[PDB]
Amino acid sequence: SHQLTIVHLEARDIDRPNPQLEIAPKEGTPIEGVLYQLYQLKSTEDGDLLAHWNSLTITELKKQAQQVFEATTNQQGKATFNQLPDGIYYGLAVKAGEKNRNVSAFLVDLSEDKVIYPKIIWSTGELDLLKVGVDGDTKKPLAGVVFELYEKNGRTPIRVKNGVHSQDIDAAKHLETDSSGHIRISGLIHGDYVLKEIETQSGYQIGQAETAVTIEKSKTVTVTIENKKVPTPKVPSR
């Protein structure tokens, strides 16, 4: 049996050049309350072992594992795993019943006590969506159009409060273009997202249901989505 300590630090890119699992970043802020799970492997046959484990859904992890262990990071950002049997473990952070994509999952070759620093992304940027309505060659901002936002391939909508991504219980999934045609959302961790158009104004069609957006840290990504007017052909004669 061995000790494993997962240290969850939000560090700057400059605090962690050439990140390596067992090398501490130069600086970093501990985060409390992060749920880590460690899945004890039953088999090591796959030559692409990390990719294999990364491909599994959360419930599949359990199915393929021998024992499963959990720990929550403490006041020093440490999720402690005591007396783990000698073995290979796949570790990930979990949030809202799924893998937290902002923590890179890892394999631990637990042949001795280990201290590991998962690669963690946290820096945010902003989305600025302009929604327009199109009538021939003229485009104008459209108010009251409803969108939801998802992480790429995500099942559950990102909620927003105070124009910011929020985890508060009153943060809403419904996003509505303002009188100027805009939805602005800051505090999105950098990465890939999907805007889903839910409902548009009367007289218009939803043209692109889902629109890919990439948030870049410390930047605003500007996106324009068009809504075309409903076509009104006459009923053709035989």
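Numbering starts at 1 and runs along the sequence shown.
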Practice task
Mind pulling up the entry and telling me whether 32 to 40 or 168 to 176 has the higher mean Cα temperature factor?
Solution key: 168 to 176
Fill in the blank from the handout: Mean B factor on CA atoms, stretches 116 to 124 and 157 to 165, record says higher is 157 to 165
Fill in the blank from the handout: One of 85, 136, 141, 77 has the largest Cα B-factor in the entry, namely 141
Problem - Selection by C-alpha B-factor (highest) of 10, 13, 22, 226 - result: 13
Exercise for the section: Would you mind checking where the Cα B-factor of residue 190 ranks among the modelled residues of its chain, as the lowest, middle or highest third? Expected result: lowest
Problem - residue 131 CA temperature factor, ranked by third within the chain - result: middle
Problem - B-factor third for the C-alpha atom of residue 108 within its chain - result: middle
Handout entry: Third of chain Cα B-factors occupied by residue 215
Key = lowest
Practice task
Classify residue 101 as lowest, middle or highest third according to the C-alpha B-factor given in the PDB entry, relative to its own chain.
Solution key: lowest
